[PDB]
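Form solved without ligand PZI, single chain, as structure tokens, below.
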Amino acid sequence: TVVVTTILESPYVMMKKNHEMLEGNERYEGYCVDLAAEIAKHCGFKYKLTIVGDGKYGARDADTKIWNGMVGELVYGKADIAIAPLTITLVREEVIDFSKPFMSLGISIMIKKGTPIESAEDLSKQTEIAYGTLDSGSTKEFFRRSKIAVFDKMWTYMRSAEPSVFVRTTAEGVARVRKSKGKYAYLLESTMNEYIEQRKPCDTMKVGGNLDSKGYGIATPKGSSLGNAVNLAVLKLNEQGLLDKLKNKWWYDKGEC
């Protein structure tokens, strides 16, 4: 039985309230739960859905040289495959294999409805409305390393802004937009932005084009017997229009706005 590691992140994987009365993969619901089923069916394997032990995605601690999250669970043999909103990156790709992307995404802007901002350039041009990113991670690093004039102006502002514009968690950045009366705009992944845009109170809005391009891929260890088949299944699902049906289902058909 293939051990699938994944993470509790809405709308990808969610516990079904009455989960104790249920068993196996039946305790979970979400985009990645439906995805796991399509992939297992098309790869010819039976599987068990497990939630990553430390609730993390996958990062190598520079001091201990130890991978945490779903990446660590693959690299240390705790799970066979990771089917979750796991971004395809160069550091992760050096220790594990990724399938072709099953979903695209990129840095975007979240505003509370009514704030006069339509782009990153609009943000870069003013001071009334504060803006920031998660306190540690790719989005913060993106701005820190950017050579693009607008994104550099944005970095010069954010690193020195007081009170701090950086937030400890994604939930805080979202709550901060909602509670700041339009004086705070949040920089996060487009997938999370558009998901929140379809959740009550329906007071948030995604604006502007994406600042970069990333993708979530399915992960397997180097030399995995699963690697080849899962990659072909991802391509086949996209071509049959299934990934789009799946995203629409979990983001819009189940929308509240």
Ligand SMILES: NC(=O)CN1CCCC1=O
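Between two forms, the rigid core is defined as the largest C-alpha subset superposing within 1.5 Å. We number the residues from 1 along the sequence you see.
A summary of the deposited B-factors shows that, of 44-52 and 209-217, the stretch with the larger mean C-alpha value is 44-52. Two stretches are in play, 120-128 and 150-158, and the higher mean C-alpha B-factor belongs to 120-128. Ranking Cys32, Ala229, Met70, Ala62 by the C-alpha B-factor listed in the PDB entry places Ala62 at the top. Residue-level temperature factors show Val4 in the highest third of its chain, judged at the C-alpha atom. In this PDB entry, the Cα temperature factor of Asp244 sits in the bottom third of its chain's modelled residues, the lowest group. Annotation for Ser190: CA B-factor lies in the lowest third of the chain's modelled residues.
Sort the chain's modelled residues by C-alpha temperature factor and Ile196 lands in the lowest third, per the entry.
In the deposited entry, the Cα temperature factor of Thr139 sits in the middle third of values across the chain's modelled residues.
Quick note: we don't show the form solved in complex with ligand PZI, though the next part is all about it.
Contact with ligand PZI, judged by heavy atoms within 4.5 Å in the deposited bound form, is confined among 22-30, 36-44, 221-229, 205-213 to 205-213.
Contact between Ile88 and ligand PZI in the deposited bound form is found at the 4.5 Å heavy atom cutoff.
In the deposited bound form, ligand PZI lies within 4.5 Å of some heavy atom of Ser104. In the deposited bound form, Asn18 stays away from ligand PZI, with no heavy atom inside 4.5 Å. The residue that stands out in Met154, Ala79, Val71, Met103 is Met154, the single one whose Cα moves by 2 angstroms or more between this form and the one not shown on a rigid core fit. In this overlay on the rigid core, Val91 has a C-alpha that sits less than 2 Å away from its partner position between this form and the one not shown. Fitting the two forms on the rigid core leaves the C-alpha of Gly209 displaced by at least 2 angstroms between this form and the one not shown.
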